[PDB]
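Q: quick one: experimental structure and sequence below.
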2 protein chains.
Amino acid sequence: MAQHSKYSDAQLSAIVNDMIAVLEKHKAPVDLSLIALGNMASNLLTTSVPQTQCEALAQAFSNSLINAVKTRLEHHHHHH
Amino acid sequence: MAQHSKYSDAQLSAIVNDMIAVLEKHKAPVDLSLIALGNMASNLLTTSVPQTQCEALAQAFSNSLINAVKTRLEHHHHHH
């Protein structure tokens, strides 16, 4: 019943799969789901983040996603 | 108080509420919860909305969240 989450891609995917599948059941038109995300993001960023490192981790999260978007869109590195 | 959803503030709240519920249903730490959210956030922006524009909106929304956290600590106002 204690901490047995060894951080698995299998464990993660199961979580994200449900999150998406559940949202899919209600079937949000993107807009609403982003607002729920916004609500939750604010809630988390004001509760579960280091007080003095809030800006840093918030920038890191964003930055990492921006990079993810970059390599997502740009995936034809060699020979364009 | 302000508006949260222009369509159904009730449906929005229901989505955010059940989102927390489905999270608790799987039992995920703040780490994995953010990892799933990160994959979700990025995947949606890179599918539902214009690629070259969602990147900017991501930054704008992210910076807006930064402003929220910033001005929560900088919640000062002696002048009006």
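A: It's in. Numbering: from 1, shown residues only, chains lettered A, B, ... in the order given.
Q: which residues does residue A:39 contact?
A: B:4, B:12, B:16 (Cβ atoms under 8 Å, 6 or more residues apart in numbering or on different chains). In this view, the C-beta of every residue, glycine as well, is placed from N, C-alpha and C.
Q: for the second one, which non-adjacent residue is spatially closest?
A: Translated: residue B:12. residue B:5 (3.6 Å; Cβ to Cβ, 6 or more residues apart in numbering or on different chains).
Q: kindly report the same for the first one.
A: Spatially, and ignoring its direct neighbours in sequence, residue B:4 is nearest to residue B:12 (5.6 Å; Cβ to Cβ, 6+ apart).
Q: could you pick out the longest helix of chain A?
A: helix A:54-73 (DSSP state H).
Q: can you show me the CA trace of that one as CSV?
A: Presented in CSV, the C-alpha positions along helix A:54-73 are these (Å, rounded to 0.1, in the frame of the first residue of the first chain):
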residue,chain,number,x,y,z
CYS,A,54,8.2,28.1,-8.8
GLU,A,55,9.3,30.2,-11.7
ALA,A,56,12.2,27.8,-12.5
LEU,A,57,10.2,24.6,-12.6
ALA,A,58,7.3,26.3,-14.4
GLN,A,59,9.7,27.5,-17.1
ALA,A,60,11.4,24.1,-17.2
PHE,A,61,8.0,22.3,-17.8
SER,A,62,7.1,24.8,-20.5
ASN,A,63,10.5,24.8,-22.1
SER,A,64,10.6,21.0,-22.2
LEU,A,65,7.2,21.0,-24.0
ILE,A,66,8.3,23.8,-26.4
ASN,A,67,11.3,21.6,-27.3
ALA,A,68,9.0,18.7,-27.7
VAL,A,69,6.8,20.7,-30.1
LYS,A,70,10.0,21.7,-32.0
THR,A,71,11.2,18.1,-32.5
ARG,A,72,7.6,17.1,-33.2
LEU,A,73,7.1,19.5,-36.0
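Q: could you list the residues in contact with that helix?
A: Contacts for helix A:54-73 (Cβ under 8 Å, 6+ apart): A:45, A:49-50, B:34, B:38, B:41-42, B:45-46, B:51, B:54-55, B:58-59, B:62, B:65-66, B:69-70, B:73.
Q: sorry, back to before: and for the residue nearest to residue B:4, the neighbour number?
A: 21 (other Cβ atoms under 10 Å in any protein chain shown).
Q: who are the contact partners of it?
A: So residue B:12 contacts A:32, A:35, A:36, A:39, B:4, B:5 (Cβ under 8 Å, 6+ apart).
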